[PDB]
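So the structure is just underneath, and the comments pick up after that.
Residue numbers (full-length UniProt numbering), protein chains in the order written: chain A, 1 to 418; chain B, 1 to 418; chain C, 3 to 84; chain D, 3 to 84.
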């Protein structure tokens with residue numbers, strides 16, 4: 001049967017399937033071992049087995065078709081592709097490969113590819129002729145990703161406030177300065193739903209680094225799209241592997257003229273994982289961070305650009321501030337001027353139990369003339385002008401109750417000018 | 001006879017029983033050897049012998065049934081389980097096996113299992129069909145463990161302050177930050193007493209790492225349930241083995257739709273033991289702590305979850321700060337944000353002799369809306385708003401004084417409302 | 003009717019004969035003398051079965067029906083009911 | 003008419019023979035025999051070709067027209083047309 005549907009079924013269904021297939025002692029094994037045993041038993045019959053995944057290329061030369069269902073974790077069910085296929089079809093890291101597979105032979109551990117059917121959601125001949133991501137010329141964001149639901153519900157209120165604070169464009173480089181206990185998680189949640197509703201064409205990618213399992217489960221349950229995660233139980237190498245796989249897949253999708261959105265949670269954890277995993281360079285800055293360590297996350301962060309040829313890759317990451325560790329303070333300090341979109345959250349608003357906790361007087365974008373129209377820009381600047389002298393929490397609640405009875409944004413502007 | 005009752009028998013009574021049976025020079029022998037000799041003689045008589053123990057599988061593939069009475073210490077009285085039984089019954093580490101034992105033959109210096117009767121307090125057939133703990137989907141904590149005894153005693157004051165500050169839910173990952181001589185032991189003891197009183201159904205586990213023997217005996221005598229511990233005069237491998245056995249037993253109990261609670265004192269000592277035992281990785285963080293060494297404790301601490309299918313594993317661990325060693329500080333720093341529950345004990349409050357020394361302002365929970373009711377949550381928010389502006393010692397003394405003139409939390413809430 | 007797990011020592015001796023491929027003389031519940039060559043055993047439906055390729059027909063059977071098994075080299079062990 | 007890429011295992015075996023540079027047997031669709039040496043496998047314009055020579059001719063041949071092959075070290079594999 002298809003491999004991608006076996007990884008979506010609940011464990012009880014898989015156990016029942018293996019039991020009625022003739023297998024036993026499957027209950028106490030892991031999910032991946034159950035899948036591998038079921039696949040081997042089915043292939044014993046000799047039927048056609050289909051599968052799909054993302055190619056990860058090891059240092060030796062061969063690759064593995066990791067699956068996004070297990071957040072690109074190594075396991076016995078991964079399909080092994082020899083350098084034969086990497087040389088034959090010019091495949092880089094992150095190419096989505098789908099095709100038939102065969103059971104392992106004697107002396108072979110993992111399953112092997114048999115006949116590639118689609119590469120990067122496209123025919124191999126057209127896939128091998130695409131220009132590499134590095135050769136694509138960067139450009140400023142011009143098309144705006146409007147994230148107003150329009151239903152007028154209380155959930156859309158934070159999205160409307162965010163849109164009035166800092167517009168989001170395709171290919172934008174976003175950074176959120178979220179102090180602890182400032183409602184960052186629900187902000188990411190509503191951003192994810194707004195993106196999944198307003199722009200179904202853009203590919204949504206949410207990756208969690210150094211998070212608790214409950215957050216992973218809730219994100220998988222409520223966010224529609226592709227969500228991968230790396231809990232704090234797994235070592236730093238797992239964080240590095242997940243981040244690299246996601247960014248490579250995003251680049252390979254953008255090369256096919258597609259819009260990709262990546263919500264990074266969070267940048268400081270990835271930087272700390274890189275600092276832990278990198279070899280020491282002999283020069284260590286304050287807080288215990290290596291100079292060469294902090295360069296690795298910049299490759300991830302710098303990939304956000306608007307491709308002139310077609311499509312774009314936008315990364316809306318978040319940072320940690322005043323968490324008590326000077327390492328994260330330094331990491332934020334060096335990530336300061338590297339993003340065109342900045343969103344400032346504050347603890348003072350959150351402790352008053354009024355949401356969202358966006359600091360409007362200090363959060364905004366750069367080169368916003370391209371994203372918005374002329375009259376919209378005029379109204380936004382007028383609203384910023386009137387908000388500017390007011391106090392922080394005062395400006396926030398003024399924005400909240402000005403947006404209370406309003407359903408959309410334009411009518412709010414009309415009643416503001418009145 | 002039964003091995004468990006012999007292990008529960010006082011040493012003097014064991015000596016008298018052995019002398020009556022026909023043994024000698026038992027007075028100057030270890031308790032394990034006394035039990036071994038008594039069992040060997042009673043087996044020479046020819047009667048059937050029962051026993052039980054938690055399975056630990058060694059490197060080769062055979063297992064040993066360690067006993068919780070001696071904190072799973074290796075001894076001559078442990079039961080040997082051949083790899084045949086582990087292949088026959090699908091048993092993992094932490095499984096509680098109870099059944100008939102067999103006298104050792106020549107060339108063997110351990111008692112052997114004869115016929116299994118119960119596995120994890122269930123029939124052998126039903127134990128093989130339980131889904132693994134890893135495959136179970138985690139969730140947020142939603143069912144609350146009420147700690148308020150409600151009898152109006154002065155001992156219940158700390159439990160009431162706990163319920164007011166950081167509600168405890170089934171599956172909540174709790175961290176209690178405790179400076180030295182801040183009365184942490186009395187807090188853990190009161191929490192264990194309140195849990196054993198209010199919720200007799202859930203399994204209570206107390207884990208002590210690097211603790212003086214008098215504290216171990218105090219915990220063993222006072223705490224209802226079962227207590228395992230490792231005194232500081234033991235190798236780090238002993239602490240590692242004790243922690244791994246405790247967490248495997250907890251996982252195997254959760255697999256059977258049960259609620260288990262593990263009170264750990266302390267996570268810092270467990271992390272230090274893991275650092276000592278682990279092989280060097282080549283990367284050393286600040287304070288002389290290995291980098292990968294902290295991957296093992298997290299797999300312990302991260303095992304706390306609220307399983308959607310059923311059951312729960314609630315781990316509350318104590319962390320040590322201000323101890324004057326950078327190792328403890330960095331260990332705390334790495335475990336900073338992996339817990340759903342946070343509780344900050346205060347040295348400054350403790351030196352003022354008022355108890356419990358709890359810092360209300362810098363303590364709380366994550367997603368407390370799930371555990372409590374709407375009115376209770378509103379009252380708690382009102383109380384936190386009232387307490388927050390004033391000082392710390394003043395806050396604790398005011399809370400204690402207000403809770404003193406009332407019995408239950410509800411009456412205190414009504415009195416505050418007026 | 004319900005299958006009963008056999009004692010640990012009997013199972014260990016039977017698996018030792020299976021791995022070492024000994025020449026087993028089998029006495030069934032009725033008492034039939036059979037020349038069983040034991041190779042391996044399986045567990046299905048929470049019931050343990052032993053399969054023997056006696057005369058090449060490879061018959062499977064339950065474990066509670068065996069009164070005794072013997073071998074000229076290894077010590078014979080009577081299957082304990084308890 | 004339309005070219006069909008060969009299976010991964012067959013392609014891997016053929017380039018294994020190529021890098022090993024071993025003497026090879028070629029069978030065409032009609033069922034003939036060519037005892038010849040394969041030098042390299044080259045893909046051009048989305049169609050892969052292999053250069054095989056009986057006496058140094060270096061003839062370019064398509065991969066789909068191959069029927070089978072045999073050599074004592076590597077078991078014979080028959081390709082699949084669909």
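Virtual Cβ for every residue (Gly too), placed ideally from N, Cα, C.
Reduced DSSP secondary structure (H/G/I, E/B, other) of residue i
i: residue 83 (chain C); result: coil
i: residue 284 (chain B); result: strand
i: residue 209 (chain A); result: strand
i: residue 148 (chain B); result: coil
i: residue 246 (chain A); result: helix
i: residue 192 (chain A); result: helix
i: residue 70 (chain B); result: coil
i: residue 5 (chain D); result: coil
i: residue 58 (chain D); result: coil
i: residue 229 (chain A); result: strand
i: residue 35 (chain B); result: helix
i: residue 119 (chain A); result: strand
i: residue 45 (chain A); result: helix
i: residue 331 (chain B); result: helix
Within chain B, the residues that residue i reaches when beta carbons sit closer than 9 angstroms
i: residue 324 (chain A); result: 333, 336
Burial state of residue i (16 or more Cβ within 10 Å)
i: residue 31 (chain A); result: buried
i: residue 76 (chain D); result: exposed
i: residue 386 (chain B); result: exposed
i: residue 334 (chain B); result: buried
i: residue 169 (chain A); result: buried
i: residue 411 (chain B); result: exposed
i: residue 265 (chain A); result: buried
i: residue 269 (chain B); result: buried
i: residue 280 (chain B); result: exposed
i: residue 131 (chain A); result: exposed
i: residue 328 (chain A); result: buried
i: residue 54 (chain A); result: buried
i: residue 49 (chain D); result: exposed
i: residue 240 (chain A); result: buried
i: residue 80 (chain B); result: buried
i: residue 51 (chain A); result: buried
Which residues DSSP lists as bridging residue i, in chain order
i: residue 37 (chain C); result: C:27
i: residue 64 (chain B); result: B:56, B:80
i: residue 261 (chain B); result: B:204, B:314
i: residue 174 (chain B); result: B:316, B:341
i: residue 2 (chain B); result: B:50
i: residue 112 (chain A); result: A:80, A:102
i: residue 143 (chain A); result: None, per the DSSP bridge assignment.
i: residue 307 (chain B); result: B:138
i: residue 169 (chain B); result: B:144
i: residue 44 (chain C); result: C:51
i: residue 63 (chain D); result: D:52
8 angstroms Cβ cut-off: residues of chain D touching residue i
i: residue 31 (chain A); result: Correct list: empty, because the minimum Cβ distance to chain D is about 27 angstroms.
i: residue 115 (chain A); result: 7, 9, 10
Whole-Å CB distance - residue i paired with residue j, under 8 angstroms assumed
i: residue 262 (chain B); j: residue 273 (chain B); result: That belief does not hold up - the Cβ atoms of residue 262 (chain B) and residue 273 (chain B) are roughly 17 angstroms apart, past 8 angstroms.
i: residue 187 (chain B); j: residue 297 (chain B); result: With 8 angstroms as the limit, residue 187 (chain B) and residue 297 (chain B) do not qualify as a contact, their Cβ atoms being about 21 angstroms apart.
i: residue 171 (chain A); j: residue 306 (chain A); result: 3 angstroms
i: residue 160 (chain A); j: residue 403 (chain A); result: 6 angstroms
Proximal residues of chain C, C-beta to C-beta of residue i below 8 angstroms
i: residue 125 (chain B); result: 48
Chain-ordered chain C contacts of residue i [CB-CB under 7 angstroms]
i: residue 112 (chain B); result: 10
Cross-chain neighbours of residue i in chain A, by beta carbon under 7 angstroms
i: residue 13 (chain D); result: 84, 88
Interface partners of residue i on chain A, CB under 8 angstroms
i: residue 420 (chain B); result: Because chain B is modelled from 1 through 418, residue 420 (chain B) falls outside the range shown and cannot be assessed.
Contact set between residue i and chain A, taken where Cβ atoms lie within less than 9 angstroms
i: residue 138 (chain B); result: 212, 213, 214, 216, 217
i: residue 75 (chain D); result: Residues of chain A passing the Cβ test: none, with the nearest at roughly 15 angstroms.
Interface residues of chain B facing residue i [CB-CB closer than 8 angstroms]
i: residue 288 (chain A); result: 285, 286
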